[PDB]
Undergrad: 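One structure follows; several queries about it will come next.
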2 protein chains.
Amino acid sequence: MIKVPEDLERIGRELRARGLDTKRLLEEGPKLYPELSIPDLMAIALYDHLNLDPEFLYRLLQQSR
Amino acid sequence: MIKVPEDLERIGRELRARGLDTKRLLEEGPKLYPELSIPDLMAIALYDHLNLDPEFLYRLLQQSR
């Protein structure tokens, strides 16, 4: 589902808009987005609280794969 | 290298003590700890800035594996 950095940002914005802080995002994120990997959701959590460049997080995710 | 939650906390404390913020931790962490996976380092980054329970992050890492 994360084919480009834009997808990381889109899903991240969506989950945070629900009111999910980082812990709740890591608990609810996987239920709402079962197609994402745990590393995907950790990267989204980092984007959502620290506003790290989605390009950087995307590149890190590519390495892990 | 992360066989228990204690290892996540130990390495996290070590990297943050060097002055590494989250972005620099994700850039320098892999160089300093080449034995860790990218998901390992993302979990350590989450612990170091948000103080999420290392037990929770450890359990998430087990799932990914």
Side-chain angles (χ1 to χ4, degrees):
Chain A
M1 192 174 180
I2 297 175
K3 310 299 213 297
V4 291
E6 285 86 338
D7 303 333
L8 204 151
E9 173 167 340
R10 186 191 67 255
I11 297 158
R13 290 188 182 277
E14 281 162 2
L15 288 166
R16 181 180 60 199
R18 298 171 136 280
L20 300 170
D21 69 356
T22 304
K23 184 186 183 215
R24 291 258 63 213
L25 187 151
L26 294 174
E27 292 178 325
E28 295 294 301
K31 299 170 182 167
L32 287 159
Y33 292 93
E35 49 266 82
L36 295 180
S37 70
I38 295 299
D40 292 339
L41 286 157
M42 287 190 295
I44 285 161
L46 289 164
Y47 168 73
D48 271 1
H49 187 280
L50 304 163
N51 194 34
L52 295 172
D53 192 328
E55 280 270 330
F56 178 47
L57 294 169
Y58 179 80
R59 291 165 179 279
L60 286 170
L61 285 172
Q62 289 189 302
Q63 293 178 63
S64 85
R65 293 161 184 171
Chain B
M1 192 174 180
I2 297 175
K3 310 299 213 297
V4 291
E6 285 86 338
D7 303 333
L8 204 151
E9 173 167 340
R10 186 191 67 255
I11 297 158
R13 290 188 182 277
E14 281 162 2
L15 288 166
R16 181 180 60 199
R18 298 171 136 280
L20 300 170
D21 69 356
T22 304
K23 184 186 183 215
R24 291 258 63 213
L25 187 151
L26 294 174
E27 292 178 325
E28 295 294 301
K31 299 170 182 167
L32 287 159
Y33 292 93
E35 49 266 82
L36 295 180
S37 70
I38 295 299
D40 292 339
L41 286 157
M42 287 190 295
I44 285 161
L46 289 164
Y47 168 73
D48 271 1
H49 187 280
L50 304 163
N51 194 34
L52 295 172
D53 192 328
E55 280 270 330
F56 178 47
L57 294 169
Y58 179 80
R59 291 165 179 279
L60 286 170
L61 285 172
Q62 289 189 302
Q63 293 178 63
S64 85
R65 293 161 184 171

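All chains are named by letter (A, B, ...) in the order of the sequence lines, taking the proteins before the strands, and each is independently numbered beginning at 1. For the numbers below, each heavy atom of this structure counts, side chains included, while hydrogens, waters and symmetry mates do not.
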Undergrad: Less than 4.5 Å apart, side chain to side chain, heavy atoms only: is that true for A:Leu50 and B:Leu50?
TA: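 The answer is no, as the side chains (C-beta and beyond) never meet within the 4.5 Å cut-off.
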Undergrad: Taking all heavy atoms of A:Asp48 and all of A:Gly12, pick out the closest pair and write down the distance.
TA: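 It is OD2-O, 2.6 Å.
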Undergrad: What's the verdict on side chain to side chain contact (heavy atoms under 4.5 Å, CB included) for A:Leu61 and B:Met42, showing C-alpha distance, side-chain angles and the deciding distance?
TA: CA-CA 10 Å; A:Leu61 285 172; B:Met42 287 190 295; 4.3 Å; yes
Undergrad: Contact between A:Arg65 and A:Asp40 at the side-chain level, heavy atoms closer than 4.5 Å - yes or no?
TA: yes
Undergrad: Does a sphere of radius 6.0 Å around CZ in A:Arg18 hold more than 12 heavy atoms from other residues, nucleotides or ligands, not counting ones at 6.0 Å or beyond?
TA: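 No - once you tally the heavy atoms of other residues, nucleotides and ligands closer than 6.0 Å, there are 12 at most.
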Undergrad: A quick test of your reading: do over 12 heavy atoms of other residues, nucleotides or ligands sit less than 6.0 Å from CZ of A:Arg59?
TA: no
Undergrad: In terms of hydrophobic clustering (I, L, V, M, F, W, Y; side-chain heavy atoms under 4.5 Å; direct or indirect links), are A:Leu15 and A:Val4 co-clustered?
TA: no
Undergrad: For the pair A:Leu26 and B:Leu46, evaluate side chain to side chain contact (heavy atoms under 4.5 Å, CB included) and give the outcome as yes or no after the intermediate values.
TA: CA-CA 11 Å; A:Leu26 294 174; B:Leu46 289 164; 4.3 Å; yes
Undergrad: Does the side chain of A:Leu41 come within less than 4.5 Å of B:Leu60's, by heavy atoms?
TA: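 Answer no - side chains too far apart.
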Undergrad: So that I can tick it off, tell me whether B:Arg13 and B:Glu9 are bridged by a salt bridge, with the cut-off set at under 4.0 angstrom between side-chain N and carboxylate O.
TA: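 Yes, charged N to carboxylate O under 4.0 Å.
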Undergrad: Are B:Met1 and B:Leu20 connected in the hydrophobic side-chain network, where two residues link if heavy atoms are under 4.5 Å apart?
TA: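 Per the 4.5 Å side-chain linkage, B:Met1 and B:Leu20 are co-clustered.
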Undergrad: Examine distances only and state if a side-chain atom of B:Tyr58 and a backbone atom of B:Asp53 form a donor-acceptor pair shorter than 3.5 Å.
TA: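 Judged by distance alone, no pair lies under 3.5 Å.
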Undergrad: On a heavy-atom basis, which atom in B:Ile38 and which in B:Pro30 lie closest, and how many Å separate them?
TA: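 So the minimum-distance heavy-atom pair works out to CD1-CG, 4.4 Å.
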Undergrad: Hey, could you give me the CG/CD distance between A:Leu25 and A:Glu14, rounded to the nearest 0.5 Å?
TA: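 Taking CG in A:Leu25 and CD in A:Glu14, the distance rounds to 11.5 Å.
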Undergrad: State, with a plain yes or no, whether a side-chain heavy atom of B:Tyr33 is found less than 4.5 Å away from one of B:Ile44.
TA: no
Undergrad: Test side chain to side chain contact (heavy atoms under 4.5 Å, CB included) on A:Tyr47 and A:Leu57; report intermediate values, then the result.
TA: CA-CA 8 Å; A:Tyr47 168 73; A:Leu57 294 169; 3.6 Å; yes
Undergrad: Provide the closest heavy-atom pair for B:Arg24 versus B:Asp21 in the form atom of the first, atom of the second, distance.
TA: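 Scanning both residues, the minimum pair turns out to be N-OD1, 2.9 Å.
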Undergrad: Run the salt-bridge test on A:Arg10 and A:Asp7 with the 4.0 Å N-O cut-off and return the result as yes or no.
TA: yes
Undergrad: Do B:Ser64 and A:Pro39 have side chains that approach each other closer than 4.5 Å (heavy atoms only, starting at C-beta)?
TA: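 With C-beta onward as the side chain, the pair touches.
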